$ cat my_file-v3.cif   # mmCIF, C-alpha atoms and all ligand atoms
data_start
loop_
_atom_site.label_atom_id
_atom_site.label_comp_id
_atom_site.auth_asym_id
_atom_site.auth_seq_id
_atom_site.Cartn_x
_atom_site.Cartn_y
_atom_site.Cartn_z
CA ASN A 53 -29.26 -0.80 -29.52
CA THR A 54 -27.42 0.81 -26.61
CA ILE A 55 -27.39 1.12 -22.82
CA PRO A 56 -27.99 4.73 -21.68
CA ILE A 57 -25.92 5.99 -18.76
CA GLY A 58 -26.63 9.50 -17.52
CA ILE A 59 -23.85 11.98 -16.90
CA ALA A 60 -24.93 14.94 -14.74
CA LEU A 61 -22.01 17.32 -14.30
CA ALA A 62 -21.33 21.03 -14.16
CA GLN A 63 -20.72 21.65 -17.86
CA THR A 64 -21.44 25.36 -17.42
CA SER A 65 -20.88 28.00 -14.66
CA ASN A 66 -17.70 28.58 -12.65
CA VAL A 67 -18.21 25.05 -11.30
CA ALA A 68 -17.33 23.86 -14.82
CA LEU A 69 -13.67 24.59 -14.02
CA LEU A 70 -14.03 21.25 -12.20
CA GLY A 71 -16.86 19.73 -14.21
CA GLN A 72 -15.17 19.93 -17.59
CA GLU A 73 -12.37 17.67 -16.36
CA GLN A 74 -15.05 15.16 -15.47
CA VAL A 75 -16.67 15.46 -18.89
CA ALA A 76 -13.25 14.80 -20.42
CA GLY A 77 -12.75 11.64 -18.34
CA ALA A 78 -16.27 10.39 -19.07
CA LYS A 79 -15.79 10.83 -22.81
CA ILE A 80 -12.50 8.92 -22.68
CA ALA A 81 -14.28 6.14 -20.78
CA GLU A 82 -17.07 5.91 -23.33
CA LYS A 83 -14.65 5.45 -26.21
CA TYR A 84 -12.40 3.09 -24.24
CA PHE A 85 -15.16 0.76 -23.10
CA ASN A 86 -17.03 0.79 -26.40
CA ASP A 87 -13.80 0.06 -28.29
CA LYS A 88 -13.51 -3.02 -26.04
CA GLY A 89 -17.00 -4.19 -27.01
CA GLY A 90 -19.14 -2.22 -24.59
CA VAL A 91 -21.27 -4.59 -22.53
CA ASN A 92 -20.50 -7.93 -24.19
CA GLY A 93 -21.29 -6.49 -27.61
CA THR A 94 -23.89 -3.90 -26.61
CA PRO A 95 -22.46 -0.36 -26.66
CA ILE A 96 -23.07 2.09 -23.86
CA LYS A 97 -24.30 5.59 -24.65
CA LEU A 98 -23.47 8.43 -22.31
CA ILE A 99 -26.24 11.01 -22.12
CA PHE A 100 -25.03 14.34 -20.80
CA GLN A 101 -27.31 16.75 -18.94
CA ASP A 102 -25.68 19.93 -17.65
CA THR A 103 -26.36 20.73 -13.99
CA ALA A 104 -24.79 24.19 -14.06
CA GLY A 105 -23.50 25.29 -10.65
CA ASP A 106 -26.61 25.36 -8.49
CA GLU A 107 -29.09 23.02 -6.83
CA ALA A 108 -31.93 23.87 -9.22
CA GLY A 109 -29.86 22.95 -12.25
CA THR A 110 -28.89 19.62 -10.69
CA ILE A 111 -32.51 18.79 -9.84
CA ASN A 112 -33.43 19.56 -13.45
CA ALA A 113 -30.62 17.38 -14.84
CA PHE A 114 -31.54 14.41 -12.64
CA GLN A 115 -35.26 14.67 -13.46
CA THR A 116 -34.49 14.82 -17.18
CA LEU A 117 -32.01 11.92 -17.14
CA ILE A 118 -34.41 9.71 -15.19
CA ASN A 119 -37.70 10.57 -16.88
CA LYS A 120 -36.91 11.72 -20.43
CA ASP A 121 -33.59 9.99 -21.14
CA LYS A 122 -34.57 6.81 -19.25
CA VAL A 123 -31.01 6.16 -18.08
CA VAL A 124 -30.02 3.01 -16.22
CA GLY A 125 -27.89 4.96 -13.73
CA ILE A 126 -26.30 8.38 -13.18
CA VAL A 127 -22.71 9.53 -12.78
CA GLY A 128 -22.72 12.86 -10.94
CA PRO A 129 -23.16 15.49 -9.80
CA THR A 130 -19.97 17.55 -9.48
CA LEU A 131 -20.56 19.11 -6.05
CA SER A 132 -21.60 17.58 -2.74
CA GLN A 133 -23.85 20.63 -2.28
CA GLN A 134 -25.66 19.58 -5.44
CA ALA A 135 -25.70 15.89 -4.47
CA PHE A 136 -27.50 16.54 -1.19
CA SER A 137 -30.17 18.48 -3.10
CA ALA A 138 -30.66 16.20 -6.11
CA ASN A 139 -29.66 12.66 -5.17
CA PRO A 140 -32.93 12.11 -3.26
CA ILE A 141 -34.70 12.31 -6.65
CA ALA A 142 -32.74 9.25 -7.79
CA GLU A 143 -33.29 7.56 -4.43
CA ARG A 144 -37.07 7.97 -4.80
CA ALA A 145 -36.97 6.74 -8.42
CA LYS A 146 -34.73 3.81 -7.48
CA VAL A 147 -32.06 4.84 -9.98
CA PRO A 148 -28.42 4.32 -8.96
CA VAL A 149 -26.11 7.31 -8.60
CA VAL A 150 -22.33 7.03 -8.47
CA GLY A 151 -20.69 10.26 -7.33
CA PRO A 152 -17.39 10.99 -9.06
CA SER A 153 -16.29 13.94 -6.87
CA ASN A 154 -18.56 14.25 -3.89
CA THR A 155 -16.26 14.11 -0.90
CA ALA A 156 -18.31 15.73 1.88
CA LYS A 157 -19.25 13.75 4.94
CA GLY A 158 -22.63 12.07 4.59
CA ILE A 159 -22.88 11.46 0.84
CA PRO A 160 -23.19 7.62 0.94
CA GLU A 161 -25.75 8.03 3.71
CA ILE A 162 -28.13 9.92 1.40
CA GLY A 163 -29.60 6.53 0.55
CA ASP A 164 -29.19 2.97 -0.68
CA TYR A 165 -29.05 4.12 -4.33
CA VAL A 166 -26.14 6.50 -3.67
CA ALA A 167 -22.51 5.36 -3.90
CA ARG A 168 -19.30 7.28 -4.60
CA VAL A 169 -15.89 6.50 -6.08
CA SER A 170 -14.46 9.72 -4.63
CA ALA A 171 -12.63 9.15 -1.35
CA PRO A 172 -13.89 11.34 1.53
CA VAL A 173 -12.26 14.49 2.92
CA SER A 174 -11.31 12.67 6.14
CA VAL A 175 -8.98 10.28 4.33
CA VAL A 176 -7.68 12.62 1.63
CA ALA A 177 -7.09 16.08 3.14
CA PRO A 178 -4.66 15.20 5.95
CA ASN A 179 -2.08 14.05 3.41
CA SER A 180 -1.39 17.62 2.31
CA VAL A 181 -0.89 18.81 5.90
CA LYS A 182 1.66 16.02 6.36
CA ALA A 183 3.39 17.09 3.13
CA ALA A 184 3.48 20.77 4.17
CA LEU A 185 5.11 19.85 7.48
CA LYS A 186 7.66 17.70 5.66
CA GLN A 187 8.54 20.66 3.42
CA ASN A 188 8.71 23.05 6.40
CA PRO A 189 9.01 21.25 9.76
CA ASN A 190 8.96 24.57 11.64
CA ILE A 191 5.44 25.62 10.69
CA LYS A 192 3.72 26.70 13.92
CA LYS A 193 0.83 29.03 13.09
CA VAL A 194 -1.91 28.13 10.64
CA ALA A 195 -4.65 30.26 9.10
CA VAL A 196 -7.65 28.47 7.58
CA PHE A 197 -10.18 29.81 5.05
CA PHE A 198 -13.42 28.16 3.96
CA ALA A 199 -16.46 28.79 1.78
CA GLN A 200 -19.33 28.82 4.24
CA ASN A 201 -22.00 28.52 1.53
CA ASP A 202 -20.72 25.15 0.29
CA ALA A 203 -21.35 21.75 1.93
CA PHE A 204 -18.05 20.20 0.84
CA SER A 205 -16.02 23.22 1.94
CA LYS A 206 -17.58 23.11 5.40
CA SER A 207 -16.86 19.40 5.70
CA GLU A 208 -13.30 19.71 4.40
CA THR A 209 -12.37 22.64 6.63
CA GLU A 210 -13.35 20.63 9.70
CA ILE A 211 -10.86 17.95 8.66
CA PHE A 212 -8.11 20.50 8.07
CA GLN A 213 -8.74 22.30 11.37
CA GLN A 214 -8.73 19.12 13.42
CA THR A 215 -5.69 17.79 11.55
CA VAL A 216 -3.54 20.84 12.22
CA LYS A 217 -4.54 21.08 15.88
CA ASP A 218 -3.83 17.37 16.37
CA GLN A 219 -0.32 17.97 14.98
CA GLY A 220 0.30 20.49 17.77
CA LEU A 221 -0.02 23.54 15.52
CA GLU A 222 -1.67 26.80 16.52
CA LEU A 223 -4.83 27.60 14.60
CA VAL A 224 -4.77 31.39 14.67
CA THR A 225 -7.89 32.11 12.63
CA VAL A 226 -10.68 30.54 10.61
CA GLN A 227 -11.82 33.01 7.94
CA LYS A 228 -15.10 32.66 6.07
CA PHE A 229 -15.87 33.52 2.47
CA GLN A 230 -18.43 32.60 -0.19
CA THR A 231 -17.65 30.67 -3.39
CA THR A 232 -19.25 33.59 -5.25
CA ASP A 233 -17.02 36.27 -3.70
CA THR A 234 -14.43 38.15 -5.75
CA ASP A 235 -12.86 40.29 -3.01
CA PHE A 236 -10.97 38.64 -0.15
CA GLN A 237 -8.89 41.59 1.02
CA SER A 238 -10.29 41.88 4.55
CA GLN A 239 -10.03 38.16 5.35
CA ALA A 240 -6.57 37.88 3.81
CA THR A 241 -5.35 40.94 5.73
CA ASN A 242 -6.78 39.75 9.02
CA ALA A 243 -5.11 36.37 8.58
CA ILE A 244 -1.79 37.92 7.51
CA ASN A 245 -1.81 40.15 10.61
CA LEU A 246 -1.87 37.00 12.76
CA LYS A 247 1.42 35.84 11.18
CA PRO A 248 0.62 32.35 9.86
CA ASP A 249 3.32 30.01 8.53
CA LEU A 250 0.75 27.93 6.64
CA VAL A 251 -2.54 28.86 4.99
CA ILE A 252 -5.20 26.31 4.06
CA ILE A 253 -8.06 27.08 1.66
CA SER A 254 -11.28 25.07 1.29
CA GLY A 255 -13.33 26.50 -1.57
CA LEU A 256 -13.81 25.87 -5.28
CA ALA A 257 -11.50 26.82 -8.13
CA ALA A 258 -12.45 30.32 -9.29
CA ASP A 259 -12.81 31.54 -5.70
CA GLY A 260 -9.89 29.53 -4.32
CA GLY A 261 -7.47 30.63 -7.02
CA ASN A 262 -8.36 34.29 -6.55
CA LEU A 263 -7.93 34.00 -2.80
CA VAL A 264 -4.45 32.54 -3.43
CA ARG A 265 -3.63 35.55 -5.61
CA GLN A 266 -4.90 38.06 -3.09
CA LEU A 267 -2.95 36.48 -0.22
CA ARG A 268 0.26 36.58 -2.24
CA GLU A 269 -0.43 40.15 -3.37
CA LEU A 270 -0.88 41.29 0.23
CA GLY A 271 2.58 39.93 1.01
CA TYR A 272 1.90 36.44 2.36
CA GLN A 273 5.01 34.38 1.65
CA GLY A 274 4.31 31.18 3.59
CA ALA A 275 3.07 27.75 2.52
CA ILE A 276 -0.38 27.23 1.00
CA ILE A 277 -2.52 24.12 0.88
CA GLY A 278 -5.48 24.05 -1.47
CA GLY A 279 -8.33 21.65 -0.77
CA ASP A 280 -9.95 19.39 -3.35
CA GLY A 281 -12.05 22.22 -4.81
CA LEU A 282 -8.86 23.78 -6.18
CA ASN A 283 -7.69 20.46 -7.58
CA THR A 284 -8.19 21.14 -11.26
CA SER A 285 -5.83 22.07 -14.05
CA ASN A 286 -8.24 24.93 -14.78
CA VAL A 287 -7.11 26.68 -11.60
CA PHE A 288 -3.75 27.43 -13.25
CA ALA A 289 -5.33 30.17 -15.38
CA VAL A 290 -6.94 31.66 -12.27
CA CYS A 291 -3.96 32.13 -9.94
CA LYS A 292 -1.39 32.11 -12.78
CA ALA A 293 2.21 32.42 -11.51
CA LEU A 294 0.83 32.87 -7.99
CA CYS A 295 -0.43 29.24 -8.06
CA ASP A 296 3.18 28.09 -7.84
CA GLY A 297 3.95 25.87 -4.85
CA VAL A 298 0.36 25.30 -3.70
CA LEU A 299 0.05 21.78 -2.22
CA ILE A 300 -3.03 19.71 -3.05
CA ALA A 301 -3.75 16.14 -1.87
CA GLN A 302 -4.63 13.58 -4.57
CA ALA A 303 -6.74 10.44 -4.82
CA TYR A 304 -5.17 9.46 -8.15
CA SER A 305 -1.66 8.95 -9.56
CA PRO A 306 -1.07 9.08 -13.34
CA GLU A 307 1.84 6.68 -12.84
CA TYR A 308 -0.21 3.74 -11.45
CA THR A 309 0.64 0.75 -13.64
CA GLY A 310 -2.80 -0.87 -13.93
CA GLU A 311 -3.69 -1.71 -17.56
CA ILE A 312 -6.84 0.42 -17.50
CA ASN A 313 -4.93 3.36 -16.01
CA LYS A 314 -2.23 3.06 -18.67
CA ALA A 315 -4.89 3.11 -21.41
CA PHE A 316 -6.78 6.00 -19.80
CA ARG A 317 -3.57 7.98 -19.35
CA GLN A 318 -2.48 7.39 -22.95
CA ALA A 319 -5.85 8.52 -24.28
CA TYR A 320 -5.85 11.61 -22.07
CA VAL A 321 -2.31 12.63 -23.05
CA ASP A 322 -3.10 12.05 -26.73
CA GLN A 323 -6.14 14.37 -26.55
CA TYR A 324 -5.01 17.06 -24.08
CA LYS A 325 -1.20 16.98 -24.18
CA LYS A 326 -1.04 16.92 -20.38
CA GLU A 327 -1.21 14.26 -17.68
CA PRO A 328 -4.69 13.20 -16.58
CA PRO A 329 -5.94 14.99 -13.46
CA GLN A 330 -7.79 13.44 -10.54
CA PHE A 331 -11.29 14.50 -11.53
CA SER A 332 -10.93 12.98 -15.00
CA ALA A 333 -9.69 9.70 -13.49
CA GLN A 334 -12.54 9.63 -10.97
CA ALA A 335 -15.16 10.26 -13.65
CA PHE A 336 -13.65 7.46 -15.76
CA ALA A 337 -13.75 5.15 -12.72
CA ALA A 338 -17.45 5.89 -12.17
CA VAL A 339 -18.26 4.94 -15.76
CA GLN A 340 -16.08 1.82 -15.37
CA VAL A 341 -18.08 0.76 -12.31
CA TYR A 342 -21.28 0.88 -14.37
CA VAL A 343 -19.78 -0.90 -17.40
CA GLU A 344 -18.28 -3.75 -15.40
CA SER A 345 -21.45 -4.14 -13.32
CA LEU A 346 -23.57 -4.24 -16.48
CA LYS A 347 -21.23 -6.93 -17.86
CA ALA A 348 -21.68 -8.98 -14.67
CA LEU A 349 -25.47 -8.78 -15.01
CA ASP A 350 -25.33 -9.45 -18.74
CA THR A 351 -23.54 -12.79 -18.36
CA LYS A 352 -26.57 -14.11 -16.45
CA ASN A 353 -29.32 -12.25 -18.33
CA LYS A 354 -28.95 -10.12 -21.47
CA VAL A 355 -29.11 -6.51 -20.29
CA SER A 356 -30.70 -5.27 -23.52
CA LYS A 357 -33.73 -7.42 -22.63
CA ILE A 358 -34.14 -6.38 -18.98
CA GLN A 359 -36.96 -3.89 -18.34
CA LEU A 360 -35.73 -0.53 -17.07
CA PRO A 361 -37.05 -0.52 -13.48
CA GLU A 362 -35.68 -4.01 -12.86
CA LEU A 363 -32.39 -3.16 -14.56
CA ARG A 364 -31.93 -0.08 -12.37
CA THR A 365 -32.47 -1.99 -9.14
CA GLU A 366 -30.28 -4.91 -10.23
CA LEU A 367 -27.53 -2.56 -11.40
CA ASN A 368 -27.49 -0.76 -8.05
CA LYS A 369 -27.30 -4.05 -6.17
CA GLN A 370 -24.57 -5.38 -8.43
CA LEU A 371 -22.29 -2.35 -8.42
CA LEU A 372 -22.12 -2.39 -4.61
CA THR A 373 -20.71 -5.92 -4.68
CA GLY A 374 -18.10 -5.39 -7.38
CA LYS A 375 -14.34 -5.02 -7.18
CA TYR A 376 -12.70 -2.84 -9.81
CA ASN A 377 -9.17 -2.17 -11.02
CA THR A 378 -9.58 1.44 -12.05
CA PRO A 379 -7.34 4.44 -12.75
CA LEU A 380 -7.62 5.02 -8.99
CA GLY A 381 -6.26 1.56 -8.24
CA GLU A 382 -8.24 -1.35 -6.86
CA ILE A 383 -11.50 -0.18 -5.31
CA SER A 384 -14.64 -1.68 -3.81
CA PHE A 385 -17.61 -0.44 -1.77
CA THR A 386 -18.88 -0.65 1.77
CA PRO A 387 -22.51 -1.72 2.19
CA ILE A 388 -23.68 1.90 2.02
CA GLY A 389 -21.67 2.84 -1.05
CA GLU A 390 -18.58 4.39 0.51
CA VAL A 391 -15.45 3.76 -1.52
CA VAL A 392 -12.70 1.51 -0.19
CA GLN A 393 -9.40 3.16 -1.17
CA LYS A 394 -6.17 3.37 0.88
CA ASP A 395 -3.54 4.91 -1.46
CA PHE A 396 -3.27 8.71 -1.62
CA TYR A 397 -0.71 11.21 -2.87
CA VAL A 398 0.14 14.91 -2.78
CA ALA A 399 1.02 17.16 -5.71
CA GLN A 400 2.43 20.67 -5.86
CA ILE A 401 1.53 23.16 -8.57
CA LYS A 402 4.49 24.07 -10.77
CA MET A 403 3.95 27.09 -13.02
CA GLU A 404 5.97 28.08 -16.13
CA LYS A 405 6.23 30.68 -18.90
CA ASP A 406 5.32 33.72 -16.79
CA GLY A 407 2.30 32.03 -15.26
CA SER A 408 0.78 30.95 -18.57
CA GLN A 409 0.99 27.15 -18.19
CA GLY A 410 1.39 24.77 -15.28
CA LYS A 411 1.33 21.18 -14.07
CA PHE A 412 0.71 19.10 -10.96
CA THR A 413 4.07 17.72 -9.83
CA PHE A 414 3.70 14.68 -7.61
CA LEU A 415 5.67 14.55 -4.40
CA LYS A 416 7.53 11.27 -3.95
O1 LIG B 1 -17.55 17.29 -2.86
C1 LIG B 1 -17.32 18.36 -3.45
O2 LIG B 1 -18.20 19.20 -3.67
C2 LIG B 1 -15.91 18.62 -3.91
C3 LIG B 1 -15.89 18.96 -5.40
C4 LIG B 1 -14.56 18.44 -5.85
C5 LIG B 1 -14.11 17.35 -4.88
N1 LIG B 1 -15.15 17.38 -3.85
MG MG B 2 -25.54 4.70 -0.05
#
$ encode --input "my_file-v3.cif" --output "structure tokens"
Amino acid sequence: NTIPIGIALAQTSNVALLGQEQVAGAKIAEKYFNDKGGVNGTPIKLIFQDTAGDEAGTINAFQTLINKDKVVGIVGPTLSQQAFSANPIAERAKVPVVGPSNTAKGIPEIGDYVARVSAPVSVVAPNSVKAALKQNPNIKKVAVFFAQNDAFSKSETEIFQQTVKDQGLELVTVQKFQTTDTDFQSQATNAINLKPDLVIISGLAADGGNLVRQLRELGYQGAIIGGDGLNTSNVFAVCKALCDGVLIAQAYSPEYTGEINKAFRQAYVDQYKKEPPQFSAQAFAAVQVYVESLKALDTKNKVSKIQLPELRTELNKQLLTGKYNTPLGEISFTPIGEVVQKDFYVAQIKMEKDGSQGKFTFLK
């Protein structure tokens, strides 16, 4: 007998450059928590339903997890764009959702069954601007690019634009693209002609990494910040050597000395031979929130004997009240399911072996 927890992530499509890191973290969490006894003796069972990269796929995954797989709660989806489209299904069904990577403004406000462990763009993104200015104090002109078809990218770019203007910098252009684009020559050229010292990109990984390449190939030599959509080790194979030096803010540090983080990190390194990335840590944390909340319920009433609709509502109520020492540090929730997290970091991509392998190097 097991407790089914739904995992709805982008396992396929270009969005899987991000989603597969989340799958990896979720799988590590399942083994970790079950090795520790699951929920007071009752194992959890993660049930994966691929969302692909679109709204339709996410709607399908949520419907299946709720109705066919009868899950007690969902971790997912990968994109805020997908969350806005599919989370109302869970809200209507009164099934909790914990977003592992949905950082757009407005996610917690979708409803009282929606929470997130992923800190919002407003608190995360400005850290990389601050880091860029520390590395080059004489940056004056900034060019910004964003994916206008994506809810997160639109939300993130607003943060970046306001942040740079508030720092007294000159925003010379805001260039639009689509996450599905492959050619960025015209936007890159138009930005380059305006002589920026810093370029900031809000998109996803396949698109973002190719935009980085095309900027460099057109002769742009200045600093580059990538937003959270580029924040995956799978971007290294996209921009290759041209990824080198890109600054990306982080909501996770592999070096945090919490016991659970140390165990998570060890398991990740053992399996993948690299340090755990943010999205893996955040996915682990989402599973942890469910496991520890189920344990809290279980001490009062055995979870394996609670009927599903009741269990779902009680689980949602419980998780919002919990405090958790996760890979992300100590976290808790506001009454609408926003994460409470104050520690953030910045990393810089360091490439090696003629662009064939890379790592996120954390700035001190
Ligand atoms: O909210 C989103 O869509 C992006 C995906 C990775 C981090 N946040
Ligand atoms: Mg909420």
$ residues_around --input "my_file-v3.cif" --residues "range 361-365 of chain A" --least-positions-apart "3" --cutoff "8 Å" --atoms "only C-alpha atoms" --output "PDB file with C-alpha atoms, in the coordinates of the input"
ATOM      1  CA  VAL A 124     -30.020   3.010 -16.220  1.00  0.00           C
ATOM      2  CA  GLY A 125     -27.890   4.960 -13.730  1.00  0.00           C
ATOM      3  CA  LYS A 146     -34.730   3.810  -7.480  1.00  0.00           C
ATOM      4  CA  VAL A 147     -32.060   4.840  -9.980  1.00  0.00           C
ATOM      5  CA  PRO A 148     -28.420   4.320  -8.960  1.00  0.00           C
ATOM      6  CA  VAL A 355     -29.110  -6.510 -20.290  1.00  0.00           C
ATOM      7  CA  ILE A 358     -34.140  -6.380 -18.980  1.00  0.00           C
ATOM      8  CA  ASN A 368     -27.490  -0.760  -8.050  1.00  0.00           C
ATOM      9  CA  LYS A 369     -27.300  -4.050  -6.170  1.00  0.00           C
TER      10      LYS A 369
END
$ atom_distance --input "my_file-v3.cif" --atom1 "CA of residue 331 in chain A" --atom2 "CA of residue 76 in chain A"
9.1 Å
$ axis_aligned_box --input "my_file-v3.cif" --around "ligand LIG 1 (chain B)" --padding-each-side "8 Å" --output "lines of an AutoDock Vina configuration file"
center_x = -16.2
center_y = 18.2
center_z = -4.4
size_x = 20.1
size_y = 17.9
size_z = 19.0
$ residues_around --input "my_file-v3.cif" --residues "residue 328 in chain A" --least-positions-apart "4" --cutoff "10 Å" --atoms "only C-alpha atoms" --output "PyMOL selection string"
chain A and resi 73+76-77+285+304-307+313+316-321+324+332-333+379+412
$ closest_residue --input "my_file-v3.cif" --among "A:74, A:214, A:323, A:230" --to "ligand LIG 1 (chain B)" --atoms "all atoms listed in the file"
A:74
$ residues_around --input "my_file-v3.cif" --residues "residue 91 in chain A" --least-positions-apart "4" --cutoff "12 Å" --atoms "all atoms listed in the file" --output "PyMOL selection string"
chain A and resi 53-56+82+84-87+95-97+340-351+353-356
$ atom_distance --input "my_file-v3.cif" --atom1 "CA of residue 231 in chain A" --atom2 "CA of residue 262 in chain A"
10.5 Å
$ residues_near_ligand --input "my_file-v3.cif" --ligand "ligand LIG 1 (chain B)" --cutoff "7 Å" --atoms "only C-alpha atoms and all ligand atoms" --output "PDB file with C-alpha atoms, in the frame of the given file"
ATOM      1  CA  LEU A  70     -14.030  21.250 -12.200  1.00  0.00           C
ATOM      2  CA  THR A 130     -19.970  17.550  -9.480  1.00  0.00           C
ATOM      3  CA  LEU A 131     -20.560  19.110  -6.050  1.00  0.00           C
ATOM      4  CA  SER A 132     -21.600  17.580  -2.740  1.00  0.00           C
ATOM      5  CA  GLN A 133     -23.850  20.630  -2.280  1.00  0.00           C
ATOM      6  CA  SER A 153     -16.290  13.940  -6.870  1.00  0.00           C
ATOM      7  CA  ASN A 154     -18.560  14.250  -3.890  1.00  0.00           C
ATOM      8  CA  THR A 155     -16.260  14.110  -0.900  1.00  0.00           C
ATOM      9  CA  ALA A 156     -18.310  15.730   1.880  1.00  0.00           C
ATOM     10  CA  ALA A 203     -21.350  21.750   1.930  1.00  0.00           C
ATOM     11  CA  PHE A 204     -18.050  20.200   0.840  1.00  0.00           C
ATOM     12  CA  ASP A 280      -9.950  19.390  -3.350  1.00  0.00           C
ATOM     13  CA  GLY A 281     -12.050  22.220  -4.810  1.00  0.00           C
TER      14      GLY A 281
END
$ residues_near_ligand --input "my_file-v3.cif" --ligand "ligand MG 2 (chain B)" --cutoff "12 Å" --atoms "all atoms listed in the file" --output "ChimeraX atom specification"
/A:139-140,142-143,146-151,158-169,368-369,371-372,385-391
$ write_last_selection --input "my_file-v3.cif" --atoms "C-alpha atoms" --output "mmCIF file, in the coordinates of the input"
data_model
loop_
_atom_site.group_PDB
_atom_site.id
_atom_site.type_symbol
_atom_site.label_atom_id
_atom_site.label_comp_id
_atom_site.auth_asym_id
_atom_site.auth_seq_id
_atom_site.Cartn_x
_atom_site.Cartn_y
_atom_site.Cartn_z
ATOM 1 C CA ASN A 139 -29.660 12.660 -5.170
ATOM 2 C CA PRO A 140 -32.930 12.110 -3.260
ATOM 3 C CA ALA A 142 -32.740 9.250 -7.790
ATOM 4 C CA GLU A 143 -33.290 7.560 -4.430
ATOM 5 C CA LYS A 146 -34.730 3.810 -7.480
ATOM 6 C CA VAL A 147 -32.060 4.840 -9.980
ATOM 7 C CA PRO A 148 -28.420 4.320 -8.960
ATOM 8 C CA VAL A 149 -26.110 7.310 -8.600
ATOM 9 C CA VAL A 150 -22.330 7.030 -8.470
ATOM 10 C CA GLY A 151 -20.690 10.260 -7.330
ATOM 11 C CA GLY A 158 -22.630 12.070 4.590
ATOM 12 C CA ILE A 159 -22.880 11.460 0.840
ATOM 13 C CA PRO A 160 -23.190 7.620 0.940
ATOM 14 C CA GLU A 161 -25.750 8.030 3.710
ATOM 15 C CA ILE A 162 -28.130 9.920 1.400
ATOM 16 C CA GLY A 163 -29.600 6.530 0.550
ATOM 17 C CA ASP A 164 -29.190 2.970 -0.680
ATOM 18 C CA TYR A 165 -29.050 4.120 -4.330
ATOM 19 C CA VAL A 166 -26.140 6.500 -3.670
ATOM 20 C CA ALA A 167 -22.510 5.360 -3.900
ATOM 21 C CA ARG A 168 -19.300 7.280 -4.600
ATOM 22 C CA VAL A 169 -15.890 6.500 -6.080
ATOM 23 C CA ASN A 368 -27.490 -0.760 -8.050
ATOM 24 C CA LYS A 369 -27.300 -4.050 -6.170
ATOM 25 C CA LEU A 371 -22.290 -2.350 -8.420
ATOM 26 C CA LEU A 372 -22.120 -2.390 -4.610
ATOM 27 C CA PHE A 385 -17.610 -0.440 -1.770
ATOM 28 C CA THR A 386 -18.880 -0.650 1.770
ATOM 29 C CA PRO A 387 -22.510 -1.720 2.190
ATOM 30 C CA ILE A 388 -23.680 1.900 2.020
ATOM 31 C CA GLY A 389 -21.670 2.840 -1.050
ATOM 32 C CA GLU A 390 -18.580 4.390 0.510
ATOM 33 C CA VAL A 391 -15.450 3.760 -1.520
#
$ closest_residue --input "my_file-v3.cif" --among "A:195, A:275, A:61, A:81" --to "residue 312 in chain A" --atoms "only C-alpha atoms"
A:81
$ closest_atom_pairs --input "my_file-v3.cif" --of "range 263-305 of chain A" --to "range 170-181 of chain A" --cutoff "10 Å" --atoms "only C-alpha atoms" --output "Markdown table"
| residue | atom | partner | partner_atom | distance |
| --- | --- | --- | --- | --- |
| A:276 | CA | A:180 | CA | 9.8 |
| A:277 | CA | A:180 | CA | 6.8 |
| A:278 | CA | A:180 | CA | 8.5 |
| A:279 | CA | A:177 | CA | 6.9 |
| A:280 | CA | A:177 | CA | 7.8 |
| A:298 | CA | A:180 | CA | 9.9 |
| A:299 | CA | A:180 | CA | 6.3 |
| A:300 | CA | A:180 | CA | 6.0 |
| A:301 | CA | A:180 | CA | 5.0 |
| A:302 | CA | A:176 | CA | 7.0 |
| A:303 | CA | A:176 | CA | 6.9 |
| A:304 | CA | A:170 | CA | 9.9 |
$ residues_around --input "my_file-v3.cif" --residues "residue 258 in chain A" --least-positions-apart "6" --cutoff "12 Å" --atoms "all atoms listed in the file" --output "PDB file with C-alpha atoms, in the frame of the given file"
ATOM      1  CA  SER A  65     -20.880  28.000 -14.660  1.00  0.00           C
ATOM      2  CA  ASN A  66     -17.700  28.580 -12.650  1.00  0.00           C
ATOM      3  CA  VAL A  67     -18.210  25.050 -11.300  1.00  0.00           C
ATOM      4  CA  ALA A  68     -17.330  23.860 -14.820  1.00  0.00           C
ATOM      5  CA  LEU A  69     -13.670  24.590 -14.020  1.00  0.00           C
ATOM      6  CA  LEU A  70     -14.030  21.250 -12.200  1.00  0.00           C
ATOM      7  CA  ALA A 199     -16.460  28.790   1.780  1.00  0.00           C
ATOM      8  CA  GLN A 230     -18.430  32.600  -0.190  1.00  0.00           C
ATOM      9  CA  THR A 231     -17.650  30.670  -3.390  1.00  0.00           C
ATOM     10  CA  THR A 232     -19.250  33.590  -5.250  1.00  0.00           C
ATOM     11  CA  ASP A 233     -17.020  36.270  -3.700  1.00  0.00           C
ATOM     12  CA  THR A 234     -14.430  38.150  -5.750  1.00  0.00           C
ATOM     13  CA  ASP A 235     -12.860  40.290  -3.010  1.00  0.00           C
ATOM     14  CA  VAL A 264      -4.450  32.540  -3.430  1.00  0.00           C
ATOM     15  CA  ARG A 265      -3.630  35.550  -5.610  1.00  0.00           C
ATOM     16  CA  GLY A 281     -12.050  22.220  -4.810  1.00  0.00           C
ATOM     17  CA  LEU A 282      -8.860  23.780  -6.180  1.00  0.00           C
ATOM     18  CA  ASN A 283      -7.690  20.460  -7.580  1.00  0.00           C
ATOM     19  CA  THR A 284      -8.190  21.140 -11.260  1.00  0.00           C
ATOM     20  CA  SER A 285      -5.830  22.070 -14.050  1.00  0.00           C
ATOM     21  CA  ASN A 286      -8.240  24.930 -14.780  1.00  0.00           C
ATOM     22  CA  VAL A 287      -7.110  26.680 -11.600  1.00  0.00           C
ATOM     23  CA  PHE A 288      -3.750  27.430 -13.250  1.00  0.00           C
ATOM     24  CA  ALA A 289      -5.330  30.170 -15.380  1.00  0.00           C
ATOM     25  CA  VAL A 290      -6.940  31.660 -12.270  1.00  0.00           C
ATOM     26  CA  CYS A 291      -3.960  32.130  -9.940  1.00  0.00           C
ATOM     27  CA  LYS A 292      -1.390  32.110 -12.780  1.00  0.00           C
TER      28      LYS A 292
END
